[PDB]
Amino acid sequence: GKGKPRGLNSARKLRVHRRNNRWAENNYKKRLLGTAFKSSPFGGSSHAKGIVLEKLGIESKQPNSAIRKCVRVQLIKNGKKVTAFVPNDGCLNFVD
Amino acid sequence: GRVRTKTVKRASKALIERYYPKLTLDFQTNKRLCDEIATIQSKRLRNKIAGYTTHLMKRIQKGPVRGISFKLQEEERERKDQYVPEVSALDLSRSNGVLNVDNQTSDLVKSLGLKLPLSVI
Amino acid sequence: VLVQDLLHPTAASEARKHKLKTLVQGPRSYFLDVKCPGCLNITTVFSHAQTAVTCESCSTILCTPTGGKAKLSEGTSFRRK
Amino acid sequence: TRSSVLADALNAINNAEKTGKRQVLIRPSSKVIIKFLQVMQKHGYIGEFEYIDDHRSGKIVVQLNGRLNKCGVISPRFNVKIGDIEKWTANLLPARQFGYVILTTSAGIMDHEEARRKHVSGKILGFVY
Amino acid sequence: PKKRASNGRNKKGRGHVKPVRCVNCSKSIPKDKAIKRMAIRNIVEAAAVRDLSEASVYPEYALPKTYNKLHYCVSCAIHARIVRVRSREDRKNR
Amino acid sequence: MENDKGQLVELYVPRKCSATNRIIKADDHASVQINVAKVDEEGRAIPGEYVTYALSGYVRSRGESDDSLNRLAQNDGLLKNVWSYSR
Amino acid sequence: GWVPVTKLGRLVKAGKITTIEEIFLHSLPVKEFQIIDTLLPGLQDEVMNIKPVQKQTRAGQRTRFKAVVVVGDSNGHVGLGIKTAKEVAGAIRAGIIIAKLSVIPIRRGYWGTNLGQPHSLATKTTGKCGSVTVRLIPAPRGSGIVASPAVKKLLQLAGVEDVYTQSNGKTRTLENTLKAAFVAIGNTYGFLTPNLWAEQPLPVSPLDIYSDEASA
Amino acid sequence: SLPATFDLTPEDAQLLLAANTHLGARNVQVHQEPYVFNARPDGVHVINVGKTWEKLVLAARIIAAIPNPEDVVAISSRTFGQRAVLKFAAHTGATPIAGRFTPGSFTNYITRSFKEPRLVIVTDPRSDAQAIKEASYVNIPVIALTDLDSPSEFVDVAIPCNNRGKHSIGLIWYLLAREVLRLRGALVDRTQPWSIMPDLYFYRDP
Amino acid sequence: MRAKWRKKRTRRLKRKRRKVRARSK
RNA sequence: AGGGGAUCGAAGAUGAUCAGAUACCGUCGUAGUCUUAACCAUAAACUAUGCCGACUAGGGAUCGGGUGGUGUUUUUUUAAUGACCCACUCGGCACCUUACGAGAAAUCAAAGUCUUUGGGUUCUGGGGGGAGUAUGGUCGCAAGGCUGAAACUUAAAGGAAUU
């Protein structure tokens, strides 16, 4: 019977078992639990302004050798300390 | 080791394939005959080819061996293909004119061919 | 065999199969008539009696209980009914 | 235990066809199975079935010609409407030209094409092709 | 991956048996799993019977033989060369 | 297959096995075609006339090819009492 | 020069067998790539890709190239062949020969109006090679071959104008899904559509009637 | 049908039962062999010699159906039928593979032993499984001298006979040669017995 | 690490955490 | 918590070997190993394969019961019974050969009858770590059992086979 109920009057069992089994999905848990509104630094936003506290420099991970020239910026709304990344070459001079 | 190479092995068998009587049962007499028969560029090579050939010439005298095919092998077995036993060819013989059978075998006889000599055991 | 008659089995095939595996379900038992010595007093006895049958006239064992077919007494005669 | 009689009968028929056998012993017995065999006979997917009668359910022996490919049951018996016939035939049949979805309806047991012409619909039994 | 149909050794339908002890290293092994070799060797060594016979009271006729059953663990049986590994095709051979 | 005007589309209408009706595939390199010579009165075969029997690869692999062939031979009259329907 | 060895090669060279249909109908084994090209002169080649295969040895690898080549004309015939070789061009040359030797025909059909010419497949046919499955559902006119570009090209050389496709498994393995698709278009004639139900006399094998031009 | 002159004559019946051809094997018996007729108390299963004759003449018609008498191939790996195949390959045409049969005579098209037959006649299918296996790939009917216990895989025509005996194997080959020669049209009347001794196909111990 | 030794280590660590727990609660 | 406590023997005490050895090896040795009464609810507790039902390639051996064969042997040569031989049947622990069929393969008479997808039903899993951890409940004298996350981190782990 493929391990699933197959009666014409057995729909609650499939509906319930679907409800628990979809919780294993990463997207299903991420959306319904609403962790983006609690633990995400951006708080469910595409952009976030902040204040440049200091200029930062980090080293690359294995098989690589560079300093990424990052920056530590405190978001305004949340007030959390968040590291950012200045993308283009020679762009730290613009920021301060 | 004295293991002969396949080159002298195959050529020697080919020599006896078409030349039974030419290779005599002695080494020296047919050693030069092998040179006269096959194009051999080395005196050493024809010496070993005749040595194996003479040794094979001795073994065939004792009896047939594998891979002989000497144009005379069929001569005996084409003569020895007509054994044809004169009378007792396992038919109407080996008994007192009656075939020894069993009870179940008799029921097979009474099926369609009951007109036969039977001897139920 | 791909082409065989499951609808008209031969006598040998039906006699070999179990009573529950034949073309039609039927018993394999039978009823026997046993007579005590001297008096006739015919009585019917099952093949698997499961008990010790006695003719009400004479207190004599006519068969002994057995897991398979019932074993009739030596001083008895049996006939198919 | 034994839940459906037609499911076992059709499975045995399919197994016999896969084994190159021209016969199969159907032994859950039913009237739906008999009617399911009659509609198969109407399109020539089987030969002749004769029902052995004991004082129990019964047995059926159907002679199979080498024309049937697959016969199955659709359990549970879904409440297919008259507009869902095309959807079922588009998921249980290889091609639209042949193949017959055998469904039970208030006018009896028959196939999908006859249901369209009679303009009636019922429960879906299975499929034959 | 699976190696043998009988996983450990000769046990289908029991589930548990009383274990035995190896005679070499005293390893605890299941009775079925243990590899048993029977020793039928004579009480005397190879030859030397003729020396015994000359110094034998009564018309000899004794020649006793000691009988013993030995249980070997997998590690000891392989190490003692009693049981040797085989190819996959030879593994199925009994 | 045919279209509306009636001319026969689809090519090489395939053969079928003589024991269990099944299309013999083009790459089914296990099906042989049995040919049986026809005798006439004098007991000599007549070249050119054959009794064509076809057996699919599946039947041959099962080992029922011999059983099927005698059934067809007995049905067509080639053999007399080598098969029994009521086995 | 060909100097064929097989009986079929002698027959086709002499001009006795003039159609590939007779060999398909009689299931006559053939291993001679002259036979296939002579009977099917419009026969084309299309290689998907070349994937090297490496075997490790005591000192370095033994890189060899594996090529997949499709052989088939767009009117009912198609063939596939895979061969490994040290040189990529040699693998392609050998792949053409094998694909020629493995030419299979196609049973086209319709989604259905019984009106024009066979465009789609007659029934639903699938083939499995390893873990990949390829389903070929018939499609209405004008739908086209909706599938991966590799199998779309293979089906376009098979003569199919429109079809539906479903795949399950690691479809990224091109060789497996090509063979699985090849089996799918190989089982089309296997299906017994009710039109092919009438009994027909068994044709006598061409070799039996042409045994005079065989051997010696 | 047949002119009814091919029925088992008492002379042929006497010969067949003299070589113990009817004597089959013990309880080992495949379900694909219904030719067995009762069973002796010892355990030997008796083969109906009548069914062998109709199967023998059916094979003869099949062999005679071959137009050119070289596509017929007789193969034998057992030493008890080597001479029978050789004599059968010299009296009724056909090519012999008596002795070792190399793996590839039927499939490898560049070998020195490559032949393209239309009919293969093996002696022991169990001992000639390689020949049957290759014959399956190239669409060739197989005729085998099978017993009750011998496998019937890829065997289209069976000849019920005893394979564990020189007498039975030689007799079946002798009878098969007799029937096929009469069908070809070289053995004149079908009533006169063949002028060669049946022991010619037999194999001597040396 | 082995499963047994890892489980024993985390069990001893759990025992230590619970012993610290019993001091406050 | 009592009885019992001979061998083996978590701890521990020594003898060594070893650069180090409170490990492997040797000699002692407590708890324990046995049992009574009450708890603990765990295992590679595995056939790593849930239960019920139907169908499908053959072959032999074996366990329990039954049937038949003037079958063999046995006591009083010969009745019974019993023990064996042959044939058959039902339920079993299983096994040998093939692979229609399935599977990624190793392999499987099911792990087959699943893209030709549907016999009935229960439980579990959704990349690898964190983690069976933290907390909250619940059971237990305790050791521990059941339910059971998140933050964070990574582009790999993992399975079967080839050289």
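Every residue, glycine as well, gets a Cβ built from its backbone with ideal geometry; the counts of neighbours run over all protein chains shown. The numbers here are math on the coordinates, done by the rules we state, and not lab data.
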Those residues of the range G:1-32 that are at the interface with another protein chain (Cβ under 7 Å from one of its Cβ atoms), within 16 Å of the chain's Cα centre (by Cα) and part of a loop (DSSP other than H, G, I, E, B) come to a total of 3
Scope the range F:15-51; condition of a type outside the set (G, A, S) and within 13 Å of chain D (Cβ to nearest Cβ); matching residues: F:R15, F:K16, F:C17, F:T20, F:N21, F:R22, F:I23, F:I24
Has the range D:66-85 got any residue that is away from RNA strand J (no atom under 16 Å from the Cβ) and either facing another protein chain (nearest Cβ under 10 Å) or not in a loop (DSSP other than H, G, I, E, B) (or both)? no
Residue pairs meeting the criteria (Cβ under 6 Å; at least 6 apart or on separate chains; first among the charged types (D, E, K, R), in the range I:1-16; second within 7 Å of RNA strand J (Cβ to nearest atom)): none
Residue set G:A14, G:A59; condition farther than 27 Å from G:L174 by Cα and within 16 Å of RNA strand J (Cβ to nearest atom); output residue G:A59
If we keep just the residues of the range F:3-31 that are outside any loop (DSSP other than H, G, I, E, B) and either of a type in the set (S, T, Y) or without any contact (Cβ under 8 Å) to a residue 12 or more places away in the chain (or both), which is farthest from H:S136 (Cα to Cα)? F:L8
Working only within the range G:129-147, note down all residues that are away from chain D (no Cβ under 12 Å), surrounded by fewer than 19 Cβ atoms within 10 Å (Cβ to Cβ) and either more than 11 Å from RNA strand J (Cβ to nearest atom) or part of a strand (DSSP E or B) (or both). G:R141, G:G142, G:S143, G:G144, G:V146
Find the residue count for the range A:17-67, including only residues that are surrounded by 10 or more Cβ atoms within 10 Å (Cβ to Cβ) and assigned to a loop (DSSP other than H, G, I, E, B). 14
Reported set for the range H:152-206 where residues are under 16 Å from H:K51 (Cβ atoms) and outside any helix (DSSP H, G or I) is H:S152, H:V155, H:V157, H:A158, H:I159, H:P160, H:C161, H:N162
Going by the conditions given, is H:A65 closer than 22 Å to H:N139 by Cα and of a type in the set (G, A, S)? yes
Tell me yes or no: at least one residue of the range H:129-144 is surrounded by fewer than 23 Cβ atoms within 10 Å (Cβ to Cβ), free of Cβ contacts under 8 Å to residues at least 60 places away in the same chain and more than 14 Å from chain F (Cβ to nearest Cβ). yes
Which members of the range D:16-31 meet the condition of being more than 14 Å from chain F (Cβ to nearest Cβ) and either polar (S, T, N, Q) or surrounded by fewer than 16 Cβ atoms within 10 Å (Cβ to Cβ) (or both)? D:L25, D:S29, D:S30, D:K31
From H:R190, H:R178, residue being of a type outside the set (S, T, N, Q), more than 10 Å from every other protein chain (Cβ to nearest Cβ), over 24 Å from F:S31 (Cβ atoms) and surrounded by fewer than 24 Cβ atoms within 10 Å (Cβ to Cβ): H:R178
Which one of these is near RNA strand J (Cβ under 8 Å from one of its atoms) and either under 22 Å from D:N91 (Cβ atoms) or surrounded by 20 or more Cβ atoms within 10 Å (Cβ to Cβ) (or both): G:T126, G:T165? G:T126
Report, by residue number, each residue of the range D:1-17 that is assigned to a helix (DSSP H, G or I) and within 6 Å of RNA strand J (Cβ to nearest atom). D:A7, D:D8, D:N11, D:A12, D:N14, D:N15
Of all residues being surrounded by 10 or more Cβ atoms within 10 Å (Cβ to Cβ) and more than 7 Å from RNA strand J (Cβ to nearest atom) in the range I:1-11, which is nearest to the other protein chains (Cβ to nearest Cβ)? Just the residue, please. I:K8
Are any residues in the range D:86-121 more than 16 Å from RNA strand J (Cβ to nearest atom) and under 16 Å from the mean Cα position of the chain (by Cα), and if so, which ones? D:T105, D:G108, D:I109, D:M110, D:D111, D:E113, D:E114, D:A115
When the range D:39-56 is examined, which residues are found to be farther than 24 Å from C:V3 by Cβ and either away from chain C (no Cβ under 14 Å) or under 13 Å from the mean Cα position of the chain (by Cα) (or both)? D:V39, D:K42
Would you confirm, using the coordinates I've provided, whether H:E134 is farther than 15 Å from H:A84 by Cα and outside any helix (DSSP H, G or I)? no
Take the residues of the range B:81-120 that are among the small types (G, A, S) and surrounded by fewer than 13 Cβ atoms within 10 Å (Cβ to Cβ): which is farthest from the other protein chains (Cβ to nearest Cβ)? B:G97
Would you check if there is a residue in the range G:183-190 being assigned to a strand (DSSP E or B), more than 12 Å from the chain's Cα centre (by Cα), among the hydroxyl-bearing types (S, T, Y) and within 13 Å of another protein chain (Cβ to nearest Cβ)? no
Filtering the range E:5-28 down to residues that are more than 9 Å from RNA strand J (Cβ to nearest atom) and over 18 Å from E:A77 (Cα atoms) yields E:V17, E:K18
What helices (runs of 4 or more DSSP H), lying completely within the range B:1-97, carry at least 2 residues that are among the polar types (S, T, N, Q) and more than 30 Å from H:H167 (Cα to Cα)? B:6-18, B:27-37, B:43-62
Quick check: is even one residue across the range C:58-73 within 11 Å of RNA strand J (Cβ to nearest atom), loosely packed, with under 15 Cβ neighbours inside 10 Å and within 30 Å of D:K59 (Cβ to Cβ)? yes
Hand me the list of strands (runs of 3 or more DSSP E) wholly inside the range H:1-108 holding 1 or more residues that are among the hydrophobic types (A, V, I, L, M, F, W, C), buried (at least 16 other Cβ atoms within 10 Å of the Cβ) and away from chain F (no Cβ under 14 Å). H:45-47, H:72-76, H:95-98
Looking at C:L6, C:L20, which is the one that is within 13 Å of RNA strand J (Cβ to nearest atom), in a loop (DSSP other than H, G, I, E, B) and within 14 Å of chain F (Cβ to nearest Cβ)? C:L6
Can you report the number of residues in the range H:158-186 which are in contact with a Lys or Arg (Cβ under 7 Å, 6 or more places away or on another chain) and not small (G, A, S)? 4
Output the number of residues of the range H:17-48 satisfying the condition of being away from RNA strand J (no atom under 14 Å from the Cβ) and over 23 Å from H:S152 (Cα atoms). 3
